[PDB]
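Written below as structure tokens is the structure these notes are about.
Keep in mind that the numbers below use all heavy atoms, side chains included, and drop hydrogens, waters and symmetry copies. For reference, positions follow the sequence shown, starting with 1.
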Amino acid sequence: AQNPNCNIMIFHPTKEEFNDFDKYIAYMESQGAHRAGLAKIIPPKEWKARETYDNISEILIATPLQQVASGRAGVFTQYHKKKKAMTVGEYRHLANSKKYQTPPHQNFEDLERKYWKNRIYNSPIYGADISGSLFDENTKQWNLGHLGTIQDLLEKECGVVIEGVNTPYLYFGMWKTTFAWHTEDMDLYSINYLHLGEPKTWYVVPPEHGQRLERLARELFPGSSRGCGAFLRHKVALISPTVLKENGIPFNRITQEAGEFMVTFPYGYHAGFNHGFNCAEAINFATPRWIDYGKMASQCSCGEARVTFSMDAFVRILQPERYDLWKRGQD
Ligand SMILES: O=C(O)CNC(=O)C(=O)O
Ligand SMILES: [Mg+2]
Ligand code: NI
Ligand SMILES: [Zn+2]
């Protein structure tokens with residue numbers, strides 16, 4: 001078995017290898033990359049997502065989210081308070097203000113220590129989940145707005161045509177902005193490209209060990225666990241590396257820098273934080289290997305998780321028994 005310790009793998013495709021996205025994902029899996037839950041892909045040196053980032057300031061963040069924490073430094077939840085709209089130029093200036101800017105630090109490890117020590121005492125503002133793309137239409141390789149759609153994959157594998165669309169999302173971050181522990185909707189893959197700015201640190205649990213993380217989360221968030229049998233779908237809970245290590249949960253960590261792709265694999269729990277002002281683009285995707293994960297994915301039916309239009313069909317076709325109850329949660 002390849003990669004039996006479930007280490008995060010880093011790949012350096014050539015420009016020739018960068019042509020066929022599906023083929024390269026399958027290659028990475030042949031080497032065991034999925035066992036980690038997360039892989040890094042450094043694009044060939046000839047490749048670029050677009051020519052410059054000089055003209056992005058007028059993108060609107062219609063509903064910036066202030067991420068307010070509750071709990072203790074290593075075990076906390078966050079809720080998202082909606083703020084007034086602002087442009088990317090306005091948000092960058094905010095991120096660079098004295099109140100919100102990255103503190104002085106020695107290296108990424110020092111900054112990670114400062115994040116876990118101090119995150120809960122601040123409420124950074126995240127421009128998350130903004131439909132759109134920063135890939136130039138002329139970028140033909142690994143253009144996250146030109147991927148094969150999940151609906152077409154389900155149709156190719158299973159023969160059933162379904163409604164729904166699959167488009168990317170932009171994320172504008174600042175110091176301490178945080179993504180809570182989660183897997184993707186329907187335990188899909190994700191791909192994330194860091195277009196610009198400061199790094200993003202990731203934590204990930206191997207898919208084969210995901211239920212260990214779930215069990216710990218039920219212990220650490222016991223009221224949330226009584227409320228919902230899949231409360232990590234709410235995307236609000238944080239657990240630090242120190243607490244994971246104290247409880248024996250297998251995980252790995254890695255820092256993504258501007259110009260790099262990350263792929264999350266089916267049922268790979270992940271969480272992380274931004275180092276400073278940045279912009280990322282991410283989208284879900286599927287392969288044939290996903291189908292079985294989609295069929296077994298947990299679902300929130302308590303009503304909190306509220307997701308896209310397109311997840312309806314996935315539940316309806318892959319999880320017909322759950323359909324009824326899950327849809328009640330969505331309506
Ligand atoms: O970058 C972020 O805030 C969160 N991204 C992801 O969870 C992802 O790409 O799957
Ligand atoms: Mg603009
Ligand atoms: Ni994710
Ligand atoms: Zn729920």
Side-chain angles (χ1 to χ4, degrees), residues 20-26 28-29 34 37-39 128-135 137 139-171 179 182-193 207 210 228-235 261-270 280-305 307-327 329-330:
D20 184 338
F21 182 86
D22 290 347
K23 180 186 187 173
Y24 201 78
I25 300 304
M28 292 162 58
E29 298 183 0
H34 60 293
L38 183 65
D129 290 317
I130 295 161
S131 294
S133 186
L134 291 173
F135 285 88
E137 71 181 3
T139 297
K140 297 320 180 178
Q141 301 170 320
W142 290 53
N143 180 323
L144 299 189
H146 295 171
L147 301 179
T149 70
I150 300 158
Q151 295 77 18
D152 284 341
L153 179 286
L154 181 154
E155 179 186 331
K156 291 184 296 190
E157 293 301 298
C158 300
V160 58
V161 188
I162 54 168
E163 71 290 354
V165 297
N166 177 205
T167 55
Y169 294 92
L170 304 177
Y171 301 81
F179 52 111
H182 69 284
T183 64
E184 305 301 307
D185 289 344
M186 217 73 188
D187 298 342
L188 283 158
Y189 294 73
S190 67
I191 180 165
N192 182 302
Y193 184 66
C228 176
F231 76 93
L232 294 176
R233 295 284 170 208
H234 309 167
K235 308 192 310 188
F261 290 91
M262 306 297 296
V263 165
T264 82
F265 293 87
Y267 196 61
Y269 275 103
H270 56 281
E281 180 168 343
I283 197 176
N284 299 117
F285 69 94
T287 69
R289 194 175 68 78
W290 166 71
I291 293 282
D292 281 346
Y293 290 89
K295 292 178 181 166
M296 294 177 309
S298 63
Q299 305 295 356
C300 169
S301 312
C302 78
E304 283 297 309
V307 314
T308 189
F309 181 101
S310 312
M311 223 196 101
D312 195 277
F314 307 153
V315 181
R316 192 169 70 252
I317 300 308
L318 298 182
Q319 310 184 308
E321 187 261 341
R322 293 197 176 157
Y323 187 67
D324 298 327
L325 183 73
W326 169 82
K327 195 166 37 63
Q330 239 36 10

Suppose we screen for side chain to side chain donor-acceptor pair (under 3.5 Å). Which residues come up paired with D129, at least two apart in sequence or across chains?
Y171
As an exercise, state the distance from SG of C158 to CD1 of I291, rounded to the nearest 0.5 Å.
4.0 Å
Could you tell me which residues satisfy side-chain contact (heavy atoms from CB on, under 4.5 Å) with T287, sequence neighbours excluded, listed by chain and number?
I25, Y189, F285, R289, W290
Partners passing side-chain contact (heavy atoms from CB on, under 4.5 Å) against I130 (at least two apart in sequence or in another chain):
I61, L170, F172
Report yes if the side chains of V315 and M186 come closer than 4.5 Å at any heavy-atom pair, otherwise no.
yes
Nearest heavy-atom approach of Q151 to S310 is NE2-CB, 3.7 Å
Go through the structure and list residues passing side-chain contact (heavy atoms from CB on, under 4.5 Å) with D20, not counting sequence neighbours.
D22, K23
As an exercise, state the distance from NZ of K327 to OG of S301, rounded to the nearest 0.5 Å.
11.0 Å
Side-chain contact, heavy-atom cut-off 4.5 Å: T149 with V165?
no
Counting C-beta onward and ignoring hydrogens, is there a side-chain heavy-atom pair between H234 and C228 closer than 4.5 Å?
yes
Rounded to the nearest 0.5 angstrom, the CG-OH distance for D312 and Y323 is 3.5 Å
Looking at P266 and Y293, what are the two nearest heavy atoms and their distance?
CB-CG, 3.6 Å
Residues passing the ring pair (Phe, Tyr, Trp, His ring centres under 6.0 Å) test with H182, sequence neighbours excluded, are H270
For residues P168 and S133, report the shortest heavy-atom separation together with the two atoms involved.
CG-CB, 4.3 Å
Pairs in or reaching into residues 148-166: which pass salt bridge (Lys or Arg N to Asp or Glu O under 4.0 Å), with residues at least two apart or in two chains?
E163-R316
Please determine whether side-chain contact (heavy atoms from CB on, under 4.5 Å) holds for the pair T308 and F314, giving the CA-CA distance in whole Å, both sets of side-chain angles, and the decisive distance to 0.1 Å.
CA-CA 11 Å; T308 189; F314 307 153; over 6 Å; no
Once you round to the nearest 0.5 Å, how far does CD1 of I162 lie from CG of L154?
4.5 Å
Quick one: pull up OG in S298 and CZ in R322 and give me the separation to the nearest 0.5 Å.
7.5 Å
Drop me the distance from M311's CE to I150's CD1, to the nearest 0.5 angstrom.
11.0 Å
The side chain to side chain donor-acceptor pair (under 3.5 Å) partners of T264 (sequence neighbours excluded) come to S190
Work out which heavy atom in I317 is nearest to a heavy atom in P320; give both atom names and the distance.
O-CD, 3.5 Å
Counterpart residues, ring pair (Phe, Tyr, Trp, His ring centres under 6.0 Å), relative to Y269 (two or more places apart)
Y267
With sequence neighbours left out, the residues meeting side chain to side chain donor-acceptor pair (under 3.5 Å) with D187 are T183, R233
Parallel, tilted or perpendicular, judged at 30° and 60°: which one describes the rings of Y193 and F135?
tilted
Out of the candidates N166, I191, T167, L153, only one should pair with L147 under the side-chain contact (heavy atoms from CB on, under 4.5 Å) rule; please name it.
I191
